[PDB]
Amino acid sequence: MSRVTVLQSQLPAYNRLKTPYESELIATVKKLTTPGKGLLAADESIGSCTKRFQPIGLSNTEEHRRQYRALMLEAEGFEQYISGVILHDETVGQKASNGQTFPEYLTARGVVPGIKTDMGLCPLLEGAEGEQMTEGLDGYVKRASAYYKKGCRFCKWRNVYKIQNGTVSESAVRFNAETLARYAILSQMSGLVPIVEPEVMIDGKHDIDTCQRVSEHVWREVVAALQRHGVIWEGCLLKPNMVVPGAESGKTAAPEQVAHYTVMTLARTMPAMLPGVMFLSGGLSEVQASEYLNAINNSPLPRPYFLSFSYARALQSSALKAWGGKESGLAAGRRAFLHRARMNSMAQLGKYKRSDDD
């Protein structure tokens, strides 16, 4: 009949992302999936800092925020457990004690610097009341390229799903997945390894089975969106929630159960090629965070991906307390921080022991 001459890039099967940064994104992924190491999330918003600086009588100020990061980033020895640090936009431009910017300081000390690139949560305006979307795509490439030049080699974007009445709307399921996928593509085009975070929040009275179903449903659509946008699989990371019961369920779960549900859900949704899964703690206690990761790393279920951590609260709670926002507490805070970082390092190895936590 008729035959036409078209651009190979106009054919569906040739939608894979093409970027001269590919080789580098994979080298970064390799650095981020180093046995016994995980990511330190230090990207808290100025508003979230307030919720940290308040219980220690620390005025939430620009200088005190730098000290809060410094407490951890300049805790010589944490590099052994932390392969990457997700930085807040403010911190990327702050200097360490030696005059080096934090990205320079971390790089020079063998730690990959990362950056939170989303612009915050907003009402979905579709679906159910309470559901939220995430802004940030407009002017993303310009923002990311600037972070790249400053030293960052990976980034993080977070979308949230809120389980209400044992389910979540399709509007939320579809839209937030498309947001995450587009975000990952623009990230790779900018030379930044994207950490895709589709967090099914722990808030609510639902049980672990409900979390499992919603987690699976939410995650599979995220993967489809990713396939749809031609993401380079070997160049990205997933930062999901573990599958556990809700904070108001009054019910708790055993390390092995969480491991079974979490590993099984990832396996049923994620492509074997996905390089790593750096869990978020969000809601779980410091100890549970390590107990669960440890169990996950002992799971008999299939899991080709590196299973580690991307914690904020779980690595900081005890540290901030001992620290107390005071220079005379840096020693204690860093001791507490290194201990938590070490416990999780061993959890990634599956060699964690509750005994080491008293």
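So that there is no doubt, residue numbering starts at 1 and follows the sequence shown.
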Looking only at C-alpha temperature factors in the entry, 47 to 55 or 33 to 41, the higher average sits in 47 to 55
Taking the deposited Cα B-factors and averaging over 246 to 254 and over 223 to 231, the higher mean is found in 246 to 254
In this crystal structure's PDB entry, the residue among 123, 166, 282, 127 with the greatest CA B factor is 282
The third of the chain into which the C-alpha temperature factor of residue 215 falls is the lowest
Chain thirds by Cα B factor, record data; residue 139 belongs to the lowest
Chain thirds by Cα B factor, record data; residue 147 belongs to the middle
Entry-reported C-alpha B-factor of residue 286 relative to its chain, by third, is highest
Assert third(CA B-factor, residue 102) within chain per record equals highest
